[PDB]
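Two forms of the same protein chain are encoded below as structure tokens; each is given separately, as structure 1 and structure 2.
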Structure 1
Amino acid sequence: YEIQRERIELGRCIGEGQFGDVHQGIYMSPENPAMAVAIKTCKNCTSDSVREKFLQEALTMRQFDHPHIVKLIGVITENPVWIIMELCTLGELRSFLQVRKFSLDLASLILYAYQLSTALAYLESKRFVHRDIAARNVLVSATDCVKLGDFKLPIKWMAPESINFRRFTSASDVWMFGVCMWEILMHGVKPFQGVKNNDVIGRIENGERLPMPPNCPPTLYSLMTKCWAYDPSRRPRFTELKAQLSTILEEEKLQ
């Protein structure tokens, strides 16, 4: 998985990343003389601590093989340290949804939720807990294809047991996925705008939930509310979510 720097040509910056900017580029390989790729960079990769954390993402990504999870191409482990990955040409999902708010029909939004549920059912089958399921960590490969793109606390996405007890489980992932579905149906609007992080927990304990988005089918909001059962053991698993989203998707396509 180590790629020689000479085989990568760094191009345009396509966005921000947790550790540094993400660029598009060209990987000139023996198998493919000019492959479009994404190049994740790391500011302060001279820090042994930062670099370890940065490259752990590559180690994680390498374990997975799923059509809706971004693939690792390789790594450059000398300064400046880069992660080479599959290019999702349409960028971050949040941005994509905001710009294309009136071009995207409901069927596309439900498709995106379904596709993410297939990736999360796969991770669930490997007993991998993500911890940070949110629209900002989803990339758009094509108008009909999204992928899980990335591996202070995001309080507004977090399950109550995560907030209260620092407990992250497959159940808390389902809660977070519920919020992610809400973000998608809200065209990339953040949950709890105008609320301080400190008050969010009070509202969940009081029994408040994110409201039904405009034009959200009642079946889908019902599914979101199941994801937000306060008791973790009452929440669905991703296998059920995946099957239910498929049904809802076909219902919407039949419309």
Structure 2
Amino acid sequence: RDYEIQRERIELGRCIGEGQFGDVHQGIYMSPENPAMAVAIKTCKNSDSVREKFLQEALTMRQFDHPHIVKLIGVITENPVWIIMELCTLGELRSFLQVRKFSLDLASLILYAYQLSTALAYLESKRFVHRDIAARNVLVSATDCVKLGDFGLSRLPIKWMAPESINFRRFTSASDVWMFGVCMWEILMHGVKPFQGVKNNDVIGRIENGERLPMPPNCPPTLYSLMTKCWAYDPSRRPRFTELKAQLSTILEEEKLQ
């Protein structure tokens, strides 16, 4: 139906980040049914050239409907242009993992990997290639719930990219699977970035030498083995996301009954 929201139904609040287009705020949305709802508000500092690209990102999220992908709520298309998104109260995943490193049990880390794999198996089933899977693009809705962030605000990430993406600019769901392996490593490392202190240009040579990100401390070997399957050099030998989801379900259940 209609995605336009009357500005008077939005109470703007504090800033919580930025983007290619401007600051992101949190706020409150009063609709006739379910008021009042907590939301994120994307703002655009500048034009009509930028207005074009800004609102196309909202269009992009319109096609998706998954419990572990942030929802588009609506848009305000008169200046100042706003995009209204579902709020993930607890913010960016990397910061959350760093702050709560010694307060999070392993079962929660595995839960986050599983939840993200369900979102990515959904995108794979829609034949949608993401190209920017990384912990920096995950949001924390609750201590038991993470979500892929807005795809526009997700937008080279060499240290996450599959070799065929680095070498030949090939992007498929199988190259997404490689990136997801790196994302899983980031989670089990409590938000450390991959290949710290390594130059981007040196990454592909290490991959082609057979080198891989090592097993994170306290990571179950079955889960690290799953990561290494995402990093098969030949993309046809990587699991599909629906297989990763099935394997993550059993790893999760063995760690803690759901």
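The term rigid core refers to the maximal set of C-alpha atoms that superpose within 1.5 Å between the two forms. For numbering, take structure 1's sequence and count from 1.
Large C-alpha shift between structure 1 and structure 2, rigid core held fixed: of 210, 69, 200, 55, this applies to 55 alone, with a displacement of 2 Å or more. Once you line up the core between structure 1 and structure 2, the Cα of residue 236 stays within less than 2 Å of where it was.
In this overlay on the rigid core, residue 18 has a C-alpha that sits 2 Å or more away from its partner position between structure 1 and structure 2. Once both forms are fitted on their core, the CA shift for residue 219 between structure 1 and structure 2 remains under 2 Å. A C-alpha shift of 4.2 Å is found for residue 33 between structure 1 and structure 2, based on superposition of the rigid core. Superposing the two forms on their core, we find that the Cα atom of residue 178 is displaced by 0.1 Å between structure 1 and structure 2.
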